[PDB]
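These are the residues of each chain, in order.
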Amino acid sequence: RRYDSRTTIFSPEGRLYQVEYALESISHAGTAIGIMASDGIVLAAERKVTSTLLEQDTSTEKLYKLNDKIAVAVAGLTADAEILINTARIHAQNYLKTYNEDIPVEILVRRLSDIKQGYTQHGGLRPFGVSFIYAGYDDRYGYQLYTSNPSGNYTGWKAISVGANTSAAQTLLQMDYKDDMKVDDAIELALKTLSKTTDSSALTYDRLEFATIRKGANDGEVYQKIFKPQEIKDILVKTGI
Amino acid sequence: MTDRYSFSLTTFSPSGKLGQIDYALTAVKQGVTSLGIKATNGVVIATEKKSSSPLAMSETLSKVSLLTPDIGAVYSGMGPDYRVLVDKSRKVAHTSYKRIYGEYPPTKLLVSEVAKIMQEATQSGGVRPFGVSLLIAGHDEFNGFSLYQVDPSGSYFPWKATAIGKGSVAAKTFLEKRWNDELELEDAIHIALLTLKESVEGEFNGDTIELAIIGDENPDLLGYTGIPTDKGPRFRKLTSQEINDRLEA
Amino acid sequence: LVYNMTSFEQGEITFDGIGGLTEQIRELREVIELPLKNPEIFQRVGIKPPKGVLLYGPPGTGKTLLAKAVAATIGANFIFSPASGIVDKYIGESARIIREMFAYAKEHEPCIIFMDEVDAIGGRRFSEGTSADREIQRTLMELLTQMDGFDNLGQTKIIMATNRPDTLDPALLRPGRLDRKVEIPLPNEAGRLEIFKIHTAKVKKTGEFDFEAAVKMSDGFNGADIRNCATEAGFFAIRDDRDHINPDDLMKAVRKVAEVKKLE
Amino acid sequence: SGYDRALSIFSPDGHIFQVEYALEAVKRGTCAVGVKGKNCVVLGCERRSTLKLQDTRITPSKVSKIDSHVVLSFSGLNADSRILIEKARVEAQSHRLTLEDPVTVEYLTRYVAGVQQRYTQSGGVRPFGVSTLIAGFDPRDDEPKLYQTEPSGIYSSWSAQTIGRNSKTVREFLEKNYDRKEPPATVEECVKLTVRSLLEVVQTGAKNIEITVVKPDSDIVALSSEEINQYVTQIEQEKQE
Amino acid sequence: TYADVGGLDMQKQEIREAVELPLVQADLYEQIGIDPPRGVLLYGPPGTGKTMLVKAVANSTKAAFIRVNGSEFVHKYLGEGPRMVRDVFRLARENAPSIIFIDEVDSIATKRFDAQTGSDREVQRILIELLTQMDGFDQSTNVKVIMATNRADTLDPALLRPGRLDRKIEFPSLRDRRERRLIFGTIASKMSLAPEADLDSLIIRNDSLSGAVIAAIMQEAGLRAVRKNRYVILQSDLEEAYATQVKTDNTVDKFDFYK
Amino acid sequence: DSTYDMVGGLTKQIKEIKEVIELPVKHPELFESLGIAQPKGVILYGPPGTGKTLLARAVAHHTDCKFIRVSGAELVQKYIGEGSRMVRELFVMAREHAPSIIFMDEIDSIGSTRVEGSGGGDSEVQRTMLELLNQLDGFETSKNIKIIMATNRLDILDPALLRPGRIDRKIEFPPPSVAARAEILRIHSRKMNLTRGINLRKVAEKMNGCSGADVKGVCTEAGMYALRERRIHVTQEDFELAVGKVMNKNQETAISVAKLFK
Amino acid sequence: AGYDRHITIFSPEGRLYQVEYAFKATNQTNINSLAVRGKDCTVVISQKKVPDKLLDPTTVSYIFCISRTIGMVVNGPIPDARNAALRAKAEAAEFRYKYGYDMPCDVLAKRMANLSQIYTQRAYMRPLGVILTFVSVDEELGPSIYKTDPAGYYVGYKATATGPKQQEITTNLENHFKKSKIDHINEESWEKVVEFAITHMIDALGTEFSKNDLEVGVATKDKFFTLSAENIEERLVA
Ligand SMILES: Nc1ncnc2c1ncn2[C@@H]1O[C@H](COP(=O)(O)OP(=O)(O)OP(=O)(O)O)[C@@H](O)[C@H]1O
Ligand SMILES: Nc1ncnc2c1ncn2[C@@H]1O[C@H](COP(=O)(O)OP(=O)(O)O)[C@@H](O)[C@H]1O
Ligand SMILES: Nc1ncnc2c1ncn2[C@@H]1O[C@H](COP(=O)(O)OP(=O)(O)O)[C@@H](O)[C@H]1O
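Residues numbered from 1 in each chain as written, not as in the entry; some residues may be left out. Chains lettered and ligands numbered in written order. Part of a larger assembly, values for the part shown. Heavy atoms only, no water. Residues with missing side-chain atoms left out of burial classes, pairs and counts.

## As for the overall build of chain E
Consideration 1: Across its full length, chain E carries nine helices and four strands.
Consideration 2: When the helices and strands of chain E are listed from N to C terminus, the series reads α-α-α-β-α-α-β-α-β-β-α-α-α.
Consideration 3: Taken along the three principal axes of its C-alpha coordinates, chain E extends 65 × 55 × 30 Å.
Consideration 4: Nonlocal contacts in chain E, meaning residues at least 24 apart in sequence, comprise 77% of its contacts between residues at least 6 apart. (Helix = DSSP H or I, 4+ residues; strand = E, 2+ residues; numbered from the N terminus. Contact = heavy atoms within 4.5 Å.)

## A look at the site of ligand 1
Consideration 1: In the region of ligand 1, 16 residues are neighbours, and F:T50, F:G51, F:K52, F:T53 and F:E106 sit closest.
Consideration 2: Surrounding ligand 1 is a set of residues that belongs to chains E and F.
Consideration 3: Between ligand 1 and F:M6, the relevant distance is 3.5 Å, taken from a nitrogen atom to a main-chain nitrogen or oxygen of the residue.
Consideration 4: For ligand 1, an oxygen atom lies 2.6 Å from a polar atom in the side chain of F:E106.
Consideration 5: In the complex, the protein chains occlude 89% of the 640 Å² of accessible area that ligand 1 would expose alone.
Consideration 6: Tallying contributions element by element places helix 4 (residues 52-61) of chain F first for the shell around ligand 1, with three residues. (Near = heavy atom within 4 Å. Polar contact = N/O pair within 3.5 Å; in protein donor to acceptor, adjacent residues only side chain to side chain. Areas by Shrake-Rupley, 256 points an atom, 1.4 Å probe, with all protein chains shown as cover.)

## A word on the site of ligand 2
All names here are of chain C.
Consideration 1: The immediate surroundings of ligand 2 are formed by 14 residues, with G60, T61, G62, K63 and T64 found nearest.
Consideration 2: Separating an oxygen atom of ligand 2 from a backbone N or O atom of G60 is a distance of 2.7 Å.
Consideration 3: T61 has a polar backbone atom sitting 3.2 Å from a nitrogen atom of ligand 2.
Consideration 4: Surface burial for ligand 2 is 77%, taken as the share of its 550 Å² of free accessible area covered by protein chains.
Consideration 5: Going through the elements one at a time, helix 7 (189-199) and helix 9 (223-237) are the ones with two or more residues in the shell around ligand 2.

## With respect to the packing of aromatic side chains
Consideration 1: Inspection of the entire model under this criterion finds 20 aromatic pairs over all chains.
Consideration 2: An aromatic cluster of at least three residues, connected via ring pairs, comprises C:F78, C:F80 and C:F114.
Consideration 3: Directly above the aromatic system of C:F150 lies the positively charged group of E:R67, at a separation of 4.6 Å from the ring centroid.
Consideration 4: One cation-aromatic arrangement involves E:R205 over E:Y242; the distance from NZ or CZ to the ring centre is 4.8 Å. (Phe/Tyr/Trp six-rings, centres within 6.5 Å; stacked < 30°, edge-to-face > 60°. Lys NZ or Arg CZ within 6 Å of the ring centre and 35° of its normal.)

## Focus on a negative patch on the surface
Consideration 1: Taken together, A:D68, A:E101, A:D102 and A:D139 make up a surface patch of like negative charges.
Consideration 2: Position of A:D139 among the secondary structure elements: in the loop between strand 4 (133-138) and strand 5 (142-147). (Patch = residues over 30% accessible without salt bridge, like charges linked within 9 Å, V, L, I, M, F, W, Y side chains within 5 Å. Salt bridge = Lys/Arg side-chain N within 4 Å of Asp/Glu carboxyl O. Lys, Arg positive; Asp, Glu negative; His and termini not counted. Charge placed at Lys NZ, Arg CZ, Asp CG, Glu CD.)

## A short note on the UniProt feature "binding site: ATP" in chain E
Residues and elements named next belong to chain E.
Consideration 1: Taking the UniProt record as the reference, the feature "binding site: ATP" is found at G44, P45, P46, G47, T48, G49, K50 and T51.
Consideration 2: Within the secondary structure layout, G49 lies in the loop between strand 1 (39-42) and helix 4 (51-59).
Consideration 3: The class of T51 is partly exposed, set by a relative accessible area of 33%.
Consideration 4: Ignoring any residue separated from it by four or fewer positions in sequence, one finds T51 in contact with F101 and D103.
Consideration 5: Separated by 3.2 Å, the side chains of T51 and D103 make a polar contact. (UniProt positions renumbered as here; feature names shortened; annotations may be inferred. Buried < 20%, exposed > 50% of the residue type's maximum accessible area, 1.4 Å probe, protein only.)

## Structural notes on the sheet that holds strand 2 (residues 100-101) of chain E
All names here are of chain E.
Consideration 1: With respect to topology, four strands assemble into an open sheet ordered 2-3-1-4, the strand pairing being parallel. Of all strands in the sheet, those bounded by a partner on one side alone are strand 2 and strand 4 (167-169).
Consideration 2: The sheet contact formed by strand 1 and strand 3 (residues 145-146) spans two bridges and is parallel. Note on strand 3: the bridge partner recorded for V40 is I146. (Pairing = 2+ DSSP bridges.)

## Let's talk about helix 2 (residues 79-99) of chain D
Consideration 1: The end-to-end C-alpha separation of helix 2 of chain D is 31 Å, in line with the 30 Å expected for 21 residues at 1.5 Å each.
Consideration 2: Among all positions in helix 2 of chain D, only D:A79, D:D80, D:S81, D:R82, D:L84, D:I85, D:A88, D:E91, D:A92 and D:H95 are buried.
Consideration 3: Among the structural elements, helix 3 (105-113) of chain A together with strand 3 (70-76), helix 3 (105-116) and strand 4 (130-137) of chain D are those in contact with the buried residues of helix 2 of chain D.
Consideration 4: Count one or two residues on from helix 2 of chain D and you reach D:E100, which has phi positive near 60°. (Expected span 1.5 Å × (residues − 1).)

## A few points about the sheet that holds strand 7 (residues 156-159) of chain B
Strand-to-strand pairing in sheets goes through backbone hydrogen bonds, with the strands running parallel or antiparallel.
Residues and elements named next belong to chain B.
Consideration 1: As summarised here, the arrangement of the five strands in space is 3-4-5-6-7, forming an open sheet in which the pairing is antiparallel. On the outer flanks of this sheet lie strand 3 (65-66) and strand 7, each paired with one strand and no other.
Consideration 2: Where strand 6 (residues 146-150) meets strand 7, four bridges bridge the pair, whose relative direction is antiparallel. Looking at the pairing, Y148 lines up with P158 of strand 7.

## Here's the deal with the interface of chain D and chain A
Consideration 1: Tallying the contact residues gives 24 residues for chain D and 36 residues for chain A.
Consideration 2: Taken together, the elements giving at least two residues each to the side of chain D that touches chain A come down to helix 1 (22-26) and helix 2 of chain D.
Consideration 3: Looking at the side of chain D that touches chain A, the element that brings in the most residues is helix 2 of chain D, giving four residues.
Consideration 4: A breakdown of the residues in the side of chain D that touches chain A according to their chemical character gives 11 nonpolar, four polar and nine charged. (Nonpolar A, V, L, I, M, F, W, Y, C, P; charged D, E, K, R; others polar.)

## A short note on the pattern of salt bridges
Residues and elements named next belong to chain A.
Consideration 1: Following the criterion strictly, the structure yields 37 salt bridges over all chains and no others.
Consideration 2: In this structure, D39 and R214 form a salt bridge, with 2.9 Å as the shortest nitrogen-oxygen distance. Here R214 lies in strand 8 (residues 211-214) and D39 lies in the loop between strand 1 (32-35) and strand 2 (42-43), a separation of 175 residues in the sequence.
Consideration 3: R214 sits in the partly exposed class, given a relative accessible area of 35%.
Consideration 4: Two residues, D179 and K158, come together in a salt bridge whose shortest N-O distance is 3.2 Å.

## Looking at empty space enclosed by the protein
All names here are of chain F.
Consideration 1: Considering only enclosed or pocket space, the largest cavity measures out at about 240 Å³ in volume.
Consideration 2: Contributing to the lining of the largest cavity are 21 residues, with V70, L75, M104, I110 and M129 lying nearest its centre.
Consideration 3: Of all the secondary-structure elements, those providing two or more residues to the lining of the largest cavity are strand 2 (66-70), helix 5 (83-95), strand 3 (100-104) and helix 6 (122-132).
Consideration 4: Within the lining of the largest cavity, the residues separate by chemical class into 15 nonpolar, three polar and three charged. (1 Å grid on protein atoms, 1.4 Å probe; cavity = no way out; pocket = protein on both sides within 12 Å on 5 of 7 lines; lining within 4 Å. Points joined across faces, edges and corners; volume = space filled by probe spheres on them.)

## Some words on the pairing of strand 1 (residues 42-45) of chain F
Residue and element names in this part refer to chain F.
Consideration 1: As paired strands, strand 1 and strand 4 (residues 145-149) are joined by two bridges and run parallel to one another. In the sheet register, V42 faces strand 4, and the bridge partner there is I148.
Consideration 2: Inspection of the sheet shows strand 1 paired to strand 5 (residues 170-172) by three bridges, in the parallel sense. The partner of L44 across the bridge, within strand 5, is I171.

## Re the environment of B:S76
All names here are of chain B.
Consideration 1: Note that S76 resides in the loop between strand 4 (72-75) and helix 2 (85-101).
Consideration 2: Take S76: its relative accessible area is 0%, and that puts it in the buried class.
Consideration 3: When the C-alpha atoms of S76 and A56 are compared, they prove to be 20 Å apart, with 20 residues separating the residues in sequence.
Consideration 4: Residues contacting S76, with those up to four places away along its chain left out, are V28, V32, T33, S34, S133, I164 and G165.

What follows is the structure, given as structure tokens:
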């Protein structure tokens, strides 16, 4: 008798073996990276498959969007990931029409995480196996960068990653990072990690996508830029793969 | 040689995968072949049929079905988990998008709805998924043509040219060797047949298959003429006599 | 001897002193007797003689009395290997027994097998205990290679009796051998008196005849029914120490003992 | 056996299992100490110094106030701790609403335990893998008090207590030093009492700690990182040899 | 034999040089200076004609030869399996130069999962009886192995590398018309058939076939006619036969199972 | 037998083996002067086709001690309670020759982790060699005996085996770097022929880290693409031909489009 | 091992087992019926077995005239059949009252089969162990047969059969259609089509019959109905 058949059971060792068996699911997923720096936040991606007769060109997979301010990166299951963002895109607007202003990023994840806890105990139901990254900007705290975990606990990081072989990629980030980077120090950094801890030697433009947040709006709020292929195949050759 | 975790679908193994959705797909293979190709002006879909008793009027059943005048579909897998799926689908095209946006959906906001019909199966235990995997073809004024796929796990891809069922790996190998990124329509039909030649048994005529296409307007189908912009469909399936002659080449 | 009777090739039970069939038994006349009689043609065509047969259907048909009987006509050694009585819980030692008999059959010059209840081999594998079901094919698969390897003999024939055909669908083992698969009958009402004529013989009974017997034999169409009715109808003329049967005991017998032969 | 894979059955010894297995989970968490002087309360924490990529702009915080005269501290796991903190602060501001009167601390403490009793009794539910404690002052009085809570759903009133790693070292320690024969008076000895109490676990890391105290008249005050760094030294100043 | 085999125009070549050529011509391998290979492997679905090719090689080897199908290894009393396996390879090197055949190993050659049993744990160390012999401290230059399997994608990679299986070979599928025309001409020509010879009417069909089904149809067609009190020839009305070789219709689980 | 010139591919590992083996035998006086311990046998894990067994046949060629072998599962036996007897009658044969290395190629057949539902005599004879290495009389046996075992993946086993006190080092044999892969070509090629205007590093850098033994397969096979044509000598393009081929099929079944995730 | 005592579990090879048991649980009656079209009509026969001698034979019937212009002949045990025939006698109120006109047969099979599909996704009910055959005379497409099943694979056969003697009847029927190369049958008179049917099937399996051992259904336009022992000698009269 071992304690895994249901997620409503502590172990005698004091642990919930089903939840660990969800936090391991993301290891099957694809890499995701974010960096926080001076001018604005950046993100990366890596599609799990990069075959021929399916277009990942116009069809974004790892980089959805939640508002003109906030954008995320996603991992894990796909059917249990859309409904989260299709809840987040609601909760924000249901914070706007009542309070007539934008969302603080901390409240969203605080409200998006504590439902995953809801799918951890009350009922014999699956916990949503997903490890989002949150990227956005609020005034009471400036730039921001959070991270989730299908348990329901978050963390405000500076620059981290998830997915396949992040444990090594962190080591390629822990020691070769500088807070005073503007943007492109993080870029050649970011794209250098994925180049190191991949599965195959392609690194084709289809295999990965980027994104950005920027406060370049001159006293306007913020801009985004989710790069088409023509903006990222030109930069890696402009960076020296 | 699997045990203790395919029993249900709400217990992640230590390896970190769900139980029997992986095994639903095992039937999807064991169903008949299928395919669909994206041209620069149209999209095609095709399946055979190994009608068990020849006495059956094979015309009655239809692998292909309607969703809109502009969108059509086909499976490769279990049958009776299709003919209900479509009514559960086109019912959503009306109540979801149409009656609160006036006109018919694009393809992806009609495919995303299909998924939410699917994932509601894999939510609890002792309630199985659908033993099928679909592909959808349509057109719009925003981005035009598209060819998507749908799996029982809720996921939905796009594609450019594909096959599924038995002749899946063999066909998709041939398509990579008999495809171009800037071809035309009619040669696509000249492919799908000889692609469908790959894993065929019995006959090959126009009676023992059913394939459809989409393309330019076909206002002869309309019947409600007298209006400038009340334009007709972009969907029609080809008659056996319209196919049995094309086969002659 | 150790295992089985082997019939000394001559113990001559009557394959025709029986209310069975003529078509099937003549269908078997082809695959066995014709080559062993007449090799001048299979030689002339060069086709090798046939590889075994299946005889489906549930009991009462006499699907084992004909077998050793026709074997007695040609004169081969008749033995058993009931798969229910061949399985052993150990990992091997279900396949060893297979290996003994193909060898030991060849220790004798001719020999033919009668497997029965062979569904124990051909299981659906619905449990899927890989510690077991990985071995179930292991012993089964050994049969497939032990049976037709280098054996170019015309003496070692094979039979497999299998009630419940098509319960096996792990493998139907169709292609190649099983050159026949006889469409077995049941005892038709016409065959009743064809059968009752068999066992009634060797009796002094004032006849004991009737047409009220197939109606009694209706739905009790199994050979044990007739063997036993003639048994117990024989035990009722002695129930009063009489001298010869009356046919009412037959009309009493089958009516009053096919009961167990229709309810359980 | 099999008597321990549910919440609605008794072993033949009479005791349920899934609850006190929670007490094995909470043992795997960080320290949380509390002491009351004559007129001021304190609270501690075994904060971690994990890595140089969490934003120093936002340190984490075990502690979380619910109203200006009550606080709360815990240990165990954070997700299931986030809920009842929000069901608490909600419940307090309701008591101000309905009754035009703040909350007696005992009333609050029986609401958090009033949920830890149902979330084990009615099955279809997992408990809250957390122990907590309450700290503060009643309105219109200086009466100090702290209460403990645990997932069995019972509320006690210790004067000093801890929860988690090597608590067994500490709950015996303060018994050897703290005592009602001489109740402390003000902050600098309640803190000089406490900062030394942590030392069984802290292994000499001062980037691994935070602290708070309590006011009458519905106030609080947090504390700095140098304002302990001296207290790191007076406590070591006695440790000359 | 070789000439009894049909369309193995490619596969027939690789083994009759990986087996025969060395013992007849090895000085030229080392005339470069390399070590030749030791093991091969023959993986393709059943009926594709693998187990019979070695039997052709058996007729023409002028070496020794050993037949052990994979089920023969196991017994109930543990420990005896491997010594039987050790008894093999010592017998080989004794009667050298020799080679070995196995007709199935998928009951053995597997992935070596994490076992928790005796059964699944004792099968593994049988496999270890091979590995420590095929490459350990004690090896030789006379043995070669002819493995076999109906399919090869699961047996562990530690068995699949050079030194062990330097040259493994594929087999065709069941839908490749060229050899199909070559088989009917082969098998039929070995005996006497009709002038009305509609065999260029059967090849063209889209159906998939083996080398095993062909032995069935052409035999059981030779059955129906010889059954007709006839003497030699097989009538062009064997249309019963081809359609009699439709076993998919005889599978209710392929008729009324999934739906 | 083979030798140390042939096990090229590394030096850091092999320079750690006789750190424990050759020194105590020849020179324990410093180590008795320093007088601290006596480091006993060693384990070496790595994926297959990497040179594990190869180093162990070489070392016997370069040892001066007696070198006992047990191949895969020649200790597990039919009757009961003599597998142990087959063990304790081993070491007593060692101590006759006080300097005595032993070798056992693989342990995952024997020393797998224990359970009760199955696994009998094997989980017993492991439970006495585990005694012999570090027991009372094992302290006697602990004097001069040294041990080498070469698994493939060690998470399977107990810790008690690889527990220190008897296993003081746990060596990794990973798949190599470019120059390591590059040299062993020559170690499997120098016999070949006056290879004509050739490079071999430009091809190793093509084939990323696969294994070592595979490289013995390309070289022997490359000559074979030259052996057919009576072309005794060797080509360049035959190499990047073969190495580009024999790993393709290894990259053939790795694909899958299940994709229930992202 | 599981996989069999539950419906909604796939085997690893794809095929589930529980419905396949119900596909097999139809023929516990040892009954075999037959249907065949006409030129404007359609007929259905049915073998009978009333061995015990205390059953009023008039009421034993695997026929249920659900409404006008519809018919149905069942296999599987009788009680499940009533539990299906009821739902048919319920919808034909609704489709009339809700959409205006009478149900065609094809919809009525399509609708009914979706219901038995829904009991292969959840444990509301078990699946009925029936396989049933509707007949009618359509106002647009003409006569029609449809062959339902438990899981829900319905199709329209030109003239089909059922029972444990399908292979046999599957043999001789199609032999008939290829002697003329037509799907339906000529010779309008629904009476005379019975004489075609019964003689086509006695010789099939080889047993002569009485009048008190069959039951028949006839599908003319404007009505469907059943008949007693009239016209029980013309098959032998000539
Ligand atoms: N670096 C190397 N130097 C010399 N030979 C090598 C090297 N790498 C591989 N080989 C070759 O690979 C084979 C050795 O394989 P290896 O010893 O790695 O497997 P193994 O340890 O014997 O497997 P196991 O012991 O688990 O059965 C020999 O033929 C050897 O020539
Ligand atoms: N056709 C038959 N005619 C007369 N007796 C028969 C016939 N078939 C079976 N029997 C009787 O039944 C017995 C054979 O039982 P059988 O049905 O062969 O068992 P099984 O089917 O298990 O081999 C014989 O002893 C014989 O008396
Ligand atoms: N080219 C061929 N010509 C004639 N018979 C063939 C041919 N190929 C295969 N066969 C038949 O197929 C059988 C071999 O089946 P096979 O696939 O070797 O099974 P396995 O490999 O499991 O032993 C032989 O008995 C032989 O009759």
